[PDB]
Amino acid sequence: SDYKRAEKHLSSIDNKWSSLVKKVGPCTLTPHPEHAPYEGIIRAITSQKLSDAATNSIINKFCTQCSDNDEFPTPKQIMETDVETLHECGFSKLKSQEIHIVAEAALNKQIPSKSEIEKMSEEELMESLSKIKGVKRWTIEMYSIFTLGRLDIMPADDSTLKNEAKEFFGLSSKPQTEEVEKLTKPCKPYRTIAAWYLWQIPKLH
DNA sequence: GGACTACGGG
DNA sequence: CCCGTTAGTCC
């Protein structure tokens, strides 16, 4: 598998990478490529500046409030929900508005199809999805990693990743995005897995 | 009880 | 890199 290859590739870089992979164990990153783009994008938007626990509670309230079935709400279902009802699920007002925008775009077929997104390079995904209000570099990276299942995404702009890179690379302060990109270059073409390993560091304590 | 913990807005 | 937001956890 690519995970097995990624684990061996990372371990091959140097002793610290080898040790990190051994401490954390096999990669268990589980993306959900079965999700429609509007769903993956809404999930990523919700996660901005929020813990996974908070994001989870919000999406769960969202499903119960807007779905006929407690499944992920459809674009039509989202459109039929007023902003304040969305807001009481725990989205910020601004995210609530952006989620309506995503739904309307999906409903109007203004989002690229799932089929075309699955053919796009990271660069094309960035160009295509960043037009959506509330969706910029980080959100697209998270969509690419946790929905699409892309293997070579380095979300070097992610604050948590920078903090773990600080620890792993033995830095005395928080690295800039561009510094993280340089430091993780040898991890190509499995930078998503590299990022996942760094992200597991707090669980080692 | 809290401190603070990507993105658009003004 | 002016300013404020959503929630839950664990400092």
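Excluded from the calculations below are hydrogen atoms, water molecules and symmetry mates; all remaining heavy atoms, backbone and side chain alike, are included. Reminder, nothing fancy here: chain letters follow the sequence lines and each chain counts from 1.
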Given atom [atom1] of [X] and atom [atom2] of [N], what is their separation to the nearest angstrom?
| X | N | atom1 | atom2 | answer |
| --- | --- | --- | --- | --- |
| A:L94 | C:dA7 | CG | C1' | 16 Å |
| A:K133 | B:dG10 | NZ | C1' | 12 Å |
| A:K93 | B:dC7 | NZ | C1' | 17 Å |
| A:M126 | B:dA6 | CE | P | 13 Å |
| A:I59 | C:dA7 | CD1 | P | 13 Å |
| A:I45 | B:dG8 | CD1 | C1' | 12 Å |
| A:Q48 | B:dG9 | CD | P | 12 Å |
| A:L50 | B:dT5 | CG | P | 14 Å |

Going by heavy atoms in the side chains, are A:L20 and A:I201 under 4.5 Å from each other?
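With C-beta onward as the side chain, the pair touches.
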Between B:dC7 and A:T139, is there an OP1 or OP2 to side-chain N/O distance shorter than 4.0 Å?
yes
State whether A:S51 places a side-chain N or O below 4.0 Å from either non-bridging phosphate oxygen (OP1 or OP2) of C:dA7.
no
Gap in Å between the two [atom1] atoms, one belonging to [N] and one to [M], rounded:
| N | M | atom1 | result |
| --- | --- | --- | --- |
| B:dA3 | B:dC7 | P | 26 Å |
| C:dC1 | B:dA6 | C1' | 13 Å |
| B:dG9 | B:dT5 | P | 25 Å |
| C:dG8 | B:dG8 | P | 24 Å |

Linking I/L/V/M/F/W/Y whenever their side-chain heavy atoms sit closer than 4.5 Å, directly or via other members, would A:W196 and A:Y3 fall into one cluster?
yes
With respect to the side chain of [X], which nucleotide from [options] is positioned closest?
| X | options | value |
| --- | --- | --- |
| A:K95 | C:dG8, B:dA6, C:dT6 | C:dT6 |
| A:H87 | C:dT6, B:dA6, B:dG9 | C:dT6 |
| A:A53 | C:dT9, B:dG9, B:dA6 | C:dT9 |

Write down the partner of C:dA7 under the Watson-Crick or G-U wobble criteria, each distance required to be under 3.5 Å.
B:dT5
Applying a 3.5 Å limit to both distances, which nucleotide forms a Watson-Crick or G-U wobble pair with B:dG10?
none
Assign A:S96 to base, sugar-phosphate, or nothing according to its heavy-atom contacts below 4.0 angstrom with the strands shown.
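No contact at all - A:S96 keeps every heavy atom at 4.0 Å or more from the nucleic acid.
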Quiz question: by atom type and distance under 3.5 Å, do the side chains of [X] and [Y] form a donor-acceptor pair?
| X | Y | value |
| --- | --- | --- |
| A:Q48 | A:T139 | yes |
| A:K166 | A:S172 | no |
| A:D82 | A:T85 | yes |

